[PDB]
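What follows is a short report on a single structure.
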Amino acid sequence: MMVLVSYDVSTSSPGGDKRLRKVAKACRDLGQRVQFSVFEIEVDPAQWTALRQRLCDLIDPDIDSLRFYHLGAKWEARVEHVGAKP
Amino acid sequence: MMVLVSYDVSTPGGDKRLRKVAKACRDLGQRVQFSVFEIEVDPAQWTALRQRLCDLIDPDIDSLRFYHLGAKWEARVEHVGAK
């Protein structure tokens, strides 16, 4: 299944850089970092459960947010990219 | 239809560009994170908004990604953390 993970990391508090680094590292083997703070994760349900717990644990929920969107299969979302591909 | 719009904006003039993108989306959706918008548009409205978004960003250094979330997308989104 595809889960889209959007991480809104604080810029007005310390350590946001490190937290994003750790979130990105946790997503590295199960997905693609498609924008600075957005990850497309290709996972079965158990892999998602495991990864989700790590992501929740790695952020600071007082100042960061995660949104998780269950997309079904990537082709169903008819994804479009406009602009840069760093 | 629900289109999720994720704007990856470069960190000069970027603040202004994010503000203009948010303003263009304001009547057609919800800004659910700093640079992510849940946009509810019919196809004609999407054609119009999408063109505006393309014109408002700097495609050399910014990006947009658009996702069609489908019906009953509300049952398939989880929020964790600050709001």
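In the text below, chain A, chain B and the rest are named by the order of the sequence lines, each starting its count at 1.
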> When only pairs under 4.5 Å are counted, which of A:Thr11, A:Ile63, A:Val34 shares the most heavy-atom pairs with chain B?
Replying inline: A:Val34
>> I need the A:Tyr69 OH to B:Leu4 CG distance, nearest 0.5 Å.
In response: 4.5 Å
>> Which heavy atom of B:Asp60 sits nearest to which heavy atom of A:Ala84, and what is that distance?
In response: O-CB, 3.7 Å
> For A:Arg78 and B:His68, which heavy atoms make the closest approach, and how far apart are they?
Replying inline: O-ND1, 3.6 Å
>> Can you confirm whether A:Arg67 sits close enough to B:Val36 that some side-chain heavy atom of one is under 4.5 Å from a side-chain heavy atom of the other?
In response: no
> Mind checking who shares a hydrophobic cluster with A:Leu30, ILVMFWY linked at side-chain heavy-atom distances under 4.5 Å?
Replying inline: A:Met1, A:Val3, A:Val5, A:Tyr7, A:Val9, A:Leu20, A:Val23, A:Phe36, A:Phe39, A:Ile41, A:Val43, A:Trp48, A:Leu51, A:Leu55, A:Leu58, A:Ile59, A:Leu66, A:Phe68, B:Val80
> With a 4.5 angstrom heavy-atom cut-off, which part of A:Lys74 approaches chain B: side chain, backbone, both or neither?
Replying inline: side chain
> Side chain, backbone, both or neither: which part of B:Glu38 has an atom under 4.5 Å from a heavy atom of chain A?
Replying inline: side chain
> What part of B:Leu69 is in contact with chain A, defined as an atom under 4.5 angstrom from a non-hydrogen atom: side chain, backbone, both or neither?
Replying inline: side chain
> Which residues pass the side-chain hydrogen bond (donor to acceptor under 3.5 Å, both in side chains) test with A:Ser65, sequence neighbours left out?
Replying inline: B:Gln33
